[PDB]
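Here is how the chains run, residue by residue.
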Amino acid sequence: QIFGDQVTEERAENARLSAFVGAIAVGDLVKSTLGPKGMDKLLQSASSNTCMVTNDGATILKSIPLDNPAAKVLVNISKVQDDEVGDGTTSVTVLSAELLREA
Amino acid sequence: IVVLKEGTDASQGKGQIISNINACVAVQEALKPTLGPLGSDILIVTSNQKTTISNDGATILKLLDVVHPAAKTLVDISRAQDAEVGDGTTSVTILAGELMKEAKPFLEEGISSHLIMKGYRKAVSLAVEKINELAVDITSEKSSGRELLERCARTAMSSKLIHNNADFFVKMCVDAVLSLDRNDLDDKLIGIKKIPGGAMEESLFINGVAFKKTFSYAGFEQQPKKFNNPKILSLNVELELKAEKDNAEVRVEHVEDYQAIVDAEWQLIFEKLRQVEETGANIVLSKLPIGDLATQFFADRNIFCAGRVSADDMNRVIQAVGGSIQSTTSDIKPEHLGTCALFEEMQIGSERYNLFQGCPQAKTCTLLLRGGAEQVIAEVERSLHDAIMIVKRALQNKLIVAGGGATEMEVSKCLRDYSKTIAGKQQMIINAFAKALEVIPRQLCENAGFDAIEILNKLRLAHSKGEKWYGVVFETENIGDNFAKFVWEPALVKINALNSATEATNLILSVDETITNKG
Amino acid sequence: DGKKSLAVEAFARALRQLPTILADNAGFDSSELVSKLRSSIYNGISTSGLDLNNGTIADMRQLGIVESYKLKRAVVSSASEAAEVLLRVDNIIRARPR
Amino acid sequence: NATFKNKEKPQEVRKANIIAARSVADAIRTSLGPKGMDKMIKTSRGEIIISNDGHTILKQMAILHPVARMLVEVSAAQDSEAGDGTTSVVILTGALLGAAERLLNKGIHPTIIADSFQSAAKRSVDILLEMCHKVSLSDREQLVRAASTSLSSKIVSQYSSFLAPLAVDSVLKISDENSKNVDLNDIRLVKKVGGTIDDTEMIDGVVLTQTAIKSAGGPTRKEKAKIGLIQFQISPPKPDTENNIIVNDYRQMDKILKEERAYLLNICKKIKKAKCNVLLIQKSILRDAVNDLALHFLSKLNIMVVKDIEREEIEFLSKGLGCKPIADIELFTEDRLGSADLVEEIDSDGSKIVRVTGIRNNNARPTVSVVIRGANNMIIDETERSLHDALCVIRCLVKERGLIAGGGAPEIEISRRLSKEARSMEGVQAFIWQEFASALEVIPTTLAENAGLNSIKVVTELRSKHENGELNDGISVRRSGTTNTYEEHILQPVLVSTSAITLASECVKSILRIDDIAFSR
Amino acid sequence: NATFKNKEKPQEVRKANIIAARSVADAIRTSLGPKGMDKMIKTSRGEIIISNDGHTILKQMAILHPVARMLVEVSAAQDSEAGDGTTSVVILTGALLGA
Amino acid sequence: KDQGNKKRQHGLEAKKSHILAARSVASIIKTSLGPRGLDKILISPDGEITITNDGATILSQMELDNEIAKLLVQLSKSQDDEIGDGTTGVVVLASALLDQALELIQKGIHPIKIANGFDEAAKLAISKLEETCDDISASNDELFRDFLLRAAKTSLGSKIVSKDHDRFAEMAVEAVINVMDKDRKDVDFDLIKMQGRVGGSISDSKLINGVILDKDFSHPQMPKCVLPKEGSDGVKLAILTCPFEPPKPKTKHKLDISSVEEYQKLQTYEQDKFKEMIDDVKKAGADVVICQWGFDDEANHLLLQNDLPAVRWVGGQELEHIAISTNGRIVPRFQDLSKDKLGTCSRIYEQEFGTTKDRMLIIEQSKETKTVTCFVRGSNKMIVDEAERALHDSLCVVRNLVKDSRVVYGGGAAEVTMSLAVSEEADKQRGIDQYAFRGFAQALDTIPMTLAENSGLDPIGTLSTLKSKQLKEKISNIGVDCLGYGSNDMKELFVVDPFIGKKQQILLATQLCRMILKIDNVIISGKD
């Protein structure tokens, strides 16, 4: 046994699964936002007093945190797409999740 | 409605003596692998979050600090060995342990702790007489001074990482001790510094004190680097105006003085540098930073400066150059200056370092260890330490006994021989005492990876035939004459270690109760 | 080559997930529309696409459904690299939390 | 059979959304109509309140579910846009959600349902508009009858012959025959204890609730006045930080008093230099609105002072008078002043209210204030609410001209036509529109039940009578049956029915599109 | 890295097979040679025997594991064909299973 | 004191436990050994998510209280400072030796006999390694420059920099030459600084042979550049830690005025001191002014009118970079400024980089320099950080190639050759040591096998091929297919490691194995 001081550790079987499950968890946030007929997500903060409804995939990815450290990687990548290009945020996030889902 | 304790603990009876023994054996078990030149290292994590690695029994036990009220006796007596002798602390605990191990079955058989201790006291007296009879008074007989000391360090370094490089390090150790006062040899006067890089055989011997060269600031190096007959001044104060870290606000009574404050601070440092020039120093040391203004001023005055010097080095510099350290610059006299025969900058470790060399006033020296890893350099330091100690002791104390277990086996023999005439219960204790003496050549063999059973049996036969100096050979798995092989230690080491081991043995065994006040 | 064959096909399977999601979100039977659309693009007719208002297959040039070439290059490029970043990960190591 | 495994179950969220939302609507449903049942609520303070007002109930129901709360916002939108029907827009939402739930169980994707309902709403509005009885703002009597109807359900109906034309004239003073959107927030209803219900006035400039000046030397009235709105306080220097004044004799008291008075004098002189004749000070408890010492200076300057004016009064003043606020005496200048022909305080049955008339300023906008009088608090409170609702009725008639019969008549007329017309549609169009039309009958069904009538009998009569008859037939609680509700003068503005059809579509569309709930922290 | 997951885990059976068989082989191992050690066995009927005979040990060992019992058949085949080496063939089998 | 709440391990069980602890560390970093090694997600104490395959960074970020694992970290530290290449290999190999030690201990070989055997086996391994060495700097200088670049190009292929690594390989080659004299062939790494900014692409990176400040000028109207001025003595730079104005505090002033006469003079004093300070710059003969502090408005106008461009709020190291590069001094005050303190350069100018608004200020000598800065660009922080660190690795490679011309082929080929030599010699021992010599060789095999596994290759077929080719055909180094090249035989593939690197890798890993094997007792207390 190595490490200590209550740190997170994941090995091949766990970290590999987490990398894919995380990316899927990211895809699940925006897979409903694709297309003019996409569905809405209801977002609410801890205060309860900021409840909003949006189908903007970029807003959802920026608004909704994930605790999976691999999911944070894909969300950060999706951010770059949204800020630098201005479109394709949902499409890249879906294709990234689906490419990793098949992997 | 009344009780006797209210959280007051006391435990009495023979069971407490056995319990004390068991706790004391645990200490022995911690230290037993440290015996011998091939002894194993122990990893201790201290409360300060630093890790200590050593096979030195004194280092290990001082850090262990066993809590058990009885086992702490082994700590105390080991410290006594460390103060009175300076070596053998591992063997004192081991011998004390085995004697207490044998006391246990004697207590079980109904033999009082007095009768056990009484026999031990007699057995020690018998052993000490033999140890004295075995002692040899020898100095340079059929040899010379450096010839003995070279063999002594060379033996200590056998089967180490520097085995093949002994020709280089052995000289360092012999020179290091001979560079000291010949009436009082103090290991504290031999400094060892670790410099990474290079090969081990490239290590350097310095008569003065080396520095770490802590400078990286732009504008440095532009000062003389070499002096023939420098005067050396040491300060306790800094010589810098504007550091890369610090700063100050400017507060004045007049607007015109705003700029003056910046230049006034320049003058305050300049004037201090000027008074150093008036002193007439050639090299100026400080434990605190020395900045650019000081370097530019000193360089133009043909003065060399080096600051941020370790506190331990600043004291040793004074001990090297024969001067005196001062805190202020206004009150300095030429009598505070030291003198060297040389100041130079070395390329040791493939990096420049400052040093003093050839200090006529030195009572110390510096050994510089090179190598490709800090762990290897640490091994070199440990090998040098043992080599320095055996050189020191061989030069200091001419009354020697054979090491390698040779003395313990000769003592063991005569103790068994005495048991042939000792009647009664004393016969049982004198036998157990002799048995304890055998643990040393045993654990020396076991720690070395030898067949301890074969070697011990051959040693018993050898001494039975009158071969009184044969012991454990660590280069070839066999037995041989440790006297002829110059595997020596002073006779006082065996006399005091055996007396000390028994004293701890009897003190621990004499306790039939422990009282602890809690709350 | 053998080992890489399934990975290449897997890439294609990911690409066809977007028209599946588009149909599903529009409330249409994606299994029918996507399977038929693929057969249309496969057997030439490479003008067809989803009609997400009528729920059928239509000629995108007649409907006017176009997307910027540059954007499509960005989407494919970013999705490919984005997958690679996590594909190269098989261990997660955390330092002492603060 | 074997079908979609449904391992991932997004329907679980939509079901929770519909169940929560429909529960809110059913709670409000039972209070529909003049014969509806009361709701009792124990508030977080322990108080017991009883009301049949849907909107008031919804605010106090303290709905928790993030989506069910949206039905409260729907009633707020109805109250903001129309001012009536606030109970019916949620009830129709509940019934239409029930239609969506059945359609989901029938295998219709939520996306199809939402869009199909929107299409049905488009036709529903067209059906509603064509069947209404048109009005004109040029017919003052017609407007009075429309207001009088909504007033007939109020606690004191015997004065409706006065409150009706008051609401009519109040709107007409600011809205001519050719207007689309009338913001009745420009019609300020100002209450004061005293007088009687009929004893009301319509004032062009403003009616304020506060007195002017009672102390000696005050002008109490000013003609041809320039008026400023003060948000600062006029008082001697009184800082919040540590301070001390030491007075050991009347001689030092005199010095200190002169320092306090000179400060106020300089403020008062600057106000005079600005040629400001009337000061209207926003209410604040931080410092004295105008200190007595300032009043002595301002009185000698023939400047009127009105203190403790509520924020809402200040906001109205900024539109009626053409004047601007002054944040601090430092910026107090002429550019921020309005005008008025007469500023006076009226003492009628002890009223003592300051009012302004004859603004005649280019910065003025078509505003009017109404004086509401009455002895008991219940009289002035009931009158204000009665006039407010009457103004909302007229506002509705301007936005979409016309009234439809009440009693659920437009819901039977729309549902009946949609059910027949939907039979000509294809695919999900006909199946969904049948469920949309059926949902509409929750209103005439609930009205029948709350009135004590047999639910099936009344709806059956309504279906038959509308097929042979017209919109005018509906439920009359006063006649306890299905009769000619138009002849019974049971009329609602078109906007109320139009808005309810729109809001029901928008809300259900919004609810059905939510397939998850996530937290943002 | 990452490789085949094999959600179904027949390797758990192969591990149990080797583990059980090697345990039997390691036990009899100590009886090899003229200086080998004796075993004590308490049989299911309560009779306790001491012997260093390889076959007797395995016969009275009362092996249950469906695969480890194969080593009994091995000692039988060794006794049937050769008549000697009944201990050695079992020890070798254990070592090869360890390999 | 406080003997309780402590952990202790000793004896035969400690030997198994300690080796397993070493195995645990190797089981993490082994997955990153090779040019195709897999990346880790490293989570900072604050939750920051970074991705890297740098074994030195990973081991540094691995925070553990296992004392045996700490010894492995110490090994990787020594290799990172000394050579900078084998930071993963020395730990993986040391673990492989400990794994062999476990079986050897279990078979009855004393830990000391294992330690001694491994030491002698290492001596055989190095003795053979020497037989396969060759020189890069030998013969035609053009071959040195060719191979030196090619070595850098390979070292870059393990990081994101691989996309456009052609430019970064050139930076490493120019950087190591620019700070090194042909005759001495000593490279001081500290003369090559790394710097980069977020923006652009990594293909835009370049080596700048001067000093770069991430600071703008003191006044927007102030000239952005000074030229040599038609043959004059370059540009004279005044580098100070004080602004050229009467200093004023940011806290309290406490300036007492006792009279009106003083009041009027004091207000004048400040206005005049602004003038005097700038006039002193002209007396010094400086062209540009570089101060740790900024300037007040009056100083900016006075510097503007006198054509004395000035840079504001320049940091400590940045001031030193100028003083070093320009062979000048940092002068705390103004009275000492003269030709003997002012720095010299050929040009100082502001450079724009596309749409990036950093507008860095560059000071050039336009001739052979004493120091260089490697300028790295990239579309994000992680891209710049990794590409910048990639240069660090390449700089270490070319550093070692300059210092020691002897090289050996990599790709695990050296380990296979050394493994074969130790294996053949093992059979000559005829004694107990034979077990350790064979074990040592088997430990070496774990490196080319790891390179296979991390590449998706069968390590058994790969190692069989590696040994077969070096026995059946020629001892000549045979590599692995880890790079995806058409074939092995690194002679045509240019995958080359320095001799001193591979020599230290084997010796240090062996020494570490002994460092752990000789530990028979560990006592762990608390942490205060």
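Conventions and cut-offs
- The numbering shown runs from 1 along each chain in the order of its written sequence and may not match that of the entry; residues for which no coordinates exist are omitted.
- As a convention, the first chain written is A and the first ligand written is 1, with the rest following in written order.
- The assembly from which these chains come is larger than what is shown, and the figures reported cover only the shown chains.
- Water and hydrogen atoms were dropped before computing side-chain values, which therefore reflect all heavy atoms in the structure.
- What counts as a helix is a DSSP run of H or I of at least four residues, what counts as a strand is a run of E of at least two, and both are numbered from the N terminus.
- Here the globule rule is a power law, 2.2 Å times the number of residues to the power 0.38, and the radius of gyration is based on C-alpha atoms.
- Burial classes: relative accessible area under 20% of the type maximum marks a residue as buried, over 50% as exposed, and values in between as partly exposed (1.4 Å probe, protein chains only).
- The contact rule is simple, with two residues in contact once any of their heavy atoms fall within 4.5 Å.
- Where accessible areas are quoted, they stem from the Shrake-Rupley method and a 1.4 Å probe; at the residue level, only the protein chains shown are allowed to cover.
- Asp and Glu are treated as the negative residues and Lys and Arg as the positive ones, with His and the ends of the chain left uncounted.
- Here the site of a charge means NZ on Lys, CZ on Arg, CG on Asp, or CD on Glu.
- Any N or O atom pair separated by 3.5 Å or less is treated as a polar contact, with the protein-specific requirement of one donor-capable and one acceptor-capable atom, and with residues adjacent in sequence counted only for side-chain atom pairs.
- Domain boundaries shown here were taken from an automatic or database domain assignment.
- Any carboxyl oxygen of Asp or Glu that lies within 4 Å of a side-chain nitrogen of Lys or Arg is treated as forming a salt bridge with it.
- For any pair of parts, buried area is found by adding up, for both, the accessible area (1.4 Å probe) each one loses once the two are put together.
- As a working rule, the residues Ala, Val, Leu, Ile, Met, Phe, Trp, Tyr, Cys and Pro are called nonpolar, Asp, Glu, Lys and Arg charged, and the rest polar, with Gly in that last group.
- Pairing between two strands requires that DSSP report at least two bridges joining them.
- Helix axes use the C-alpha atoms of the stretch in contact, all axes being lines fitted to C-alpha atoms, and the angles between their N-to-C directions lie in the range 0 to 180 degrees.
- Orientation labels follow simple angle bins: below 35 degrees gives roughly parallel, above 145 gives roughly antiparallel, 65 to 115 gives roughly perpendicular, and whatever is left gives oblique.
- Crossing handedness follows the turn of the near helix against the far one: under a right angle anticlockwise gives a left-handed crossing, and clockwise gives a right-handed one.

We now examine the overall build of chain F. Each helix and strand in chain F was counted, giving 15 helices and 17 strands. Against the globule reference of 24 Å for 528 residues, chain F gives a C-alpha radius of gyration of 30 Å, more extended than a compact globule. If you line up chain F on its principal axes, its C-alpha atoms span 105 × 70 × 40 Å. Looking at chain F residue by residue over its 528 residues, the buried ones come to 52%. Long-range contacts, defined here as pairs at least 24 residues apart, represent 74% of the contacts in chain F between residues at least 6 apart. When the accessible area of chain F is evaluated, it comes to approximately 24000 Å², of which 47% is carbon and sulfur surface. The averaged location of the 81 negative side-chain charges in chain F is 3 Å from the averaged location of its 70 positive side-chain charges.

On to the environment of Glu381 of chain B. All names here are of chain B. Within the secondary structure, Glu381 sits in helix α11 (residues 374-396). When the C-alpha atoms of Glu381 and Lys194 are compared, they prove to be 8.5 Å apart, with 187 residues separating the residues in sequence. Non-local contacts of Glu381, meaning those with residues more than four positions away in its chain, are made with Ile192, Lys194 and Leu369. Side-chain polar atoms of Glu381 contact the side chain of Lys194, separated by 2.5 Å.

For the rest of this paragraph, the subject is the domain arrangement of chain F. Along its sequence, chain F is carved into domain 1 (1-136 + 406-528), domain 2 (137-209 + 370-405) and domain 3 (210-369). Between domain 1 of chain F and domain 3 of chain F, the C-alpha centre-to-centre distance is 55 Å.

The next point concerns the pattern of salt bridges. Within the structure shown, the criterion is met by 140 salt bridges over all chains. Here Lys79 of chain A makes a salt bridge to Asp83 of chain A, at a shortest N to O gap of 2.7 Å. Pair noted here: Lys79 of chain A and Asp83 of chain A are both in helix α3 (residues 69-84), with a separation of four residues, about one helical turn. Of the residues examined, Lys79 of chain A reaches a relative accessible area of 42% and is grouped as partly exposed. Owing to a relative accessible area of 40%, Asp83 of chain A belongs among the partly exposed residues under this scheme. A salt bridge links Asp190 of chain F to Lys193 of chain F; the shortest N-O distance between them is 2.6 Å.

Among the nine pairs of chains in contact, the pair with the most contacts is chains B and F. No interface is formed between chain B and chain E, the nearest pair of C-alpha atoms being 22 Å apart. There is no contact between chain D and chain F; across them, the least C-alpha separation is 16 Å.

Before going further, it helps to spend a moment on the interface of chain C and chain A. Facing 33 residues of chain C, the contacting portion of chain A comprises 43 residues. Summed over both partners, the interface of chain C with chain A comes to about 3100 Å²; 75% of that surface belongs to carbon and sulfur atoms. Of all residues in chain C, the largest losses of buried area upon contact with chain A belong to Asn25, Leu86 and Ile92 of chain C, amounting jointly to 23% of the total for that side. Between chain C and chain A we count one salt bridge in total. Where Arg13 of chain C meets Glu102 of chain A, a salt bridge forms, and the shortest distance between an N and an O atom there is 2.9 Å. The tally of links between chain C and chain A comes to seven residue pairs in polar contact. For the side of chain C that touches chain A, the element with the highest residue contribution is helix α5 (residues 69-87) of chain C, accounting for eleven residues. Its residues placed into classes, the side of chain C that touches chain A shows 23 nonpolar, six polar and four charged. Bridge analysis of strand β1 (residues 9-10) of chain A against strand β3 (residues 89-94) of chain C gives two bridges, and the strand direction is antiparallel. Counterpart to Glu9 of chain A in the pairing with β3 of chain C is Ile93 of chain C.

Residues and elements named next belong to chain D. Two elements in contact, helix α4 (residues 88-105) and helix α13 (residues 428-440), have axes whose closest approach is 8 Å; the angle formed by their N-to-C orientations is 150°. When the axis of α4 is compared with that of α13, the two are roughly antiparallel. Seen from above, α4 lies across α13 with right-handed handedness. Between α4, through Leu92, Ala95, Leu96, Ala99, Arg102 and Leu103, and α13, the contact on the second element is made entirely by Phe431, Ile432, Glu435, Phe436, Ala439 and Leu440. A per-class count over the contact of α4 with α13 returns ten nonpolar, no polar and two charged.

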